[PDB]
Amino acid sequence: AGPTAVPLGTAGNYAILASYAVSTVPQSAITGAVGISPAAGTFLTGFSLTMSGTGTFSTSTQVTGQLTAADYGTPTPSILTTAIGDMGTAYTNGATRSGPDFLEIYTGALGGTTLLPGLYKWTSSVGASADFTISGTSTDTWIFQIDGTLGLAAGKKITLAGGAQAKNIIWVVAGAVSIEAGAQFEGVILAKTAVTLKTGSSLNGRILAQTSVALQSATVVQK
Ligand SMILES: [Mg+2]
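Calculation notes
Residues numbered from 1 in each chain as written, not as in the entry; some residues may be left out. Heavy atoms only, no water. Helix = DSSP H or I, 4+ residues; strand = E, 2+ residues; numbered from the N terminus. Rg over C-alpha atoms; globule rule 2.2 N^0.38 Å. Buried < 20%, exposed > 50% of the residue type's maximum accessible area, 1.4 Å probe, protein only. Pairing = 2+ DSSP bridges. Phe/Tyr/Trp six-rings, centres within 6.5 Å; stacked < 30°, edge-to-face > 60°. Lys NZ or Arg CZ within 6 Å of the ring centre and 35° of its normal. Salt bridge = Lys/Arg side-chain N within 4 Å of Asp/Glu carboxyl O. Contact = heavy atoms within 4.5 Å. Polar contact = N/O pair within 3.5 Å; in protein donor to acceptor, adjacent residues only side chain to side chain.

Looking at the entry header, you'll see X-ray crystallography listed as the method and 1.7200 Å as the resolution.

(A) Structural view of the overall build of the protein. Looking only at helices and strands, one finds 1 helix and 23 strands in the protein. For 223 residues, the compact-globule formula gives about 17 Å, and the C-alpha radius of gyration of the protein, at 17 Å, lands near that figure. By principal-axis analysis of the C-alpha atoms, the protein measures approximately 50 × 30 × 30 Å. Out of the 223 residues in the protein, the part that is buried amounts to 47%.

(B) Here's a closer look at the sheet that holds strand β11 (residues 114–115). Spatial strand order, β11-β13-β16: 3 strands in an open sheet with parallel pairing. Of all the strands in the sheet, just β11 and β16 (158–161) have a single pairing partner and so form its edges. The pairing of β11 with strand β13 (residues 132–135) spans 2 bridges and is parallel. Paired with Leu115 across the strands is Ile134, a residue of β13.

(C) Spatial organisation of the packing of aromatic side chains. If you walk through the whole model with that rule in mind, you get 7 aromatic pairs. Note on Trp122 and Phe144: the rings are 5.9 Å apart at their centroids and 35 degrees apart in plane angle, and the pair reads as tilted. Of this pair, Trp122 sits in strand β12 (residues 118–122) while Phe144 is found in strand β14 (residues 142–146), placing the two residues 22 residues apart along the sequence. Neither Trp122 nor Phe144 differs from the other in exposure class; each is buried. One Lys or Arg, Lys192, reaches over the ring of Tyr91 and ends 5.5 Å from the middle of that ring.

(D) Here's a closer look at the pattern of salt bridges. A complete count under the given rule lists 2 salt bridges for this structure. When the shortest N-O distance is used, the salt bridge between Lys121 and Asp147 registers 3.0 Å. Placement of the pair is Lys121 in strand β12 and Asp147 in the loop between β14 and β15 (150–152), with a sequence separation of 26 residues. Judged by relative accessible area, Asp147 falls into the partly exposed class, the value being 37%. Here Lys198 and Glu180 are joined by a salt bridge, their closest N and O atoms 2.9 Å apart.

(E) Examining the environment of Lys157 more closely. Topologically, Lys157 is positioned in the loop between β15 and β16. Excluding residues that lie within four positions of it along the chain, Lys157 makes contacts with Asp131, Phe132 and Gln184.

(F) Seen up close, the environment of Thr107. You can see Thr107 is positioned in the loop between β10 (102–103) and β11. The class for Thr107 is exposed, based on a relative accessible area of 66%. Between the C-alpha atoms of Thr107 and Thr123, which are 16 residues apart in sequence, the distance is 9.3 Å.

(G) Representation of the side chain of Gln210 in the model. Mapped onto the elements, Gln210 comes out in the loop between β21 (202–209) and β22 (212–216). A relative accessible area of 19% places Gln210 in the buried class. Only 2.8 Å separates the side chain of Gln210 from the side chain of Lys192, close enough to count as a polar contact. Each residue touching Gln210, except ones within four places of it in the same chain, is listed here: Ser19, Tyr20, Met87, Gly88, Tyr91, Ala191, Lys192 and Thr193.

Printed below as a string of structure tokens:
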């Protein structure tokens, strides 16, 4: 049940992929790669980077995986060029799906809901002032098309019931994304603009943002 997957291509090789900037207030806890392009590595801030012997990638105690930037040694820039392209294709693939299963459901106020599989369209912002559940099997899919902002209020949680998998939940979001302090998010974010995870928030999925990403001592576990 639910729509055909959004293929991330090589954007699925990153925990975080951004074009303008990635900032962390330590101590963030990122499982997977961090890439920035076309911006340079000086727009990776707060990571206390060490450049590794080849000059092609850097390391941080905040990241289990490699950081890469567009100014790094060959062939890193070509790799990120492809990843940024594949994120653009993924966003458009998700945003342009037609025939939604749910249209303006709950007016985009998702507190206390249980969301079954399908294609969701909101011509609005989406927020949640309370915990909500995504409920489906390990093979079901969700695509959440959001014309405005996406938020999850402080300390609130998305629960996966039934076997539902974060990698099968795509948030395709035109406006800014704000996960508030201590909130627990589930799914891949394909953001057209900025994504911010505030103090002690966590995301099981990926952050694939066409502008900036801001982390405040936040957890990103790639799914
Ligand atoms: Mg609500």
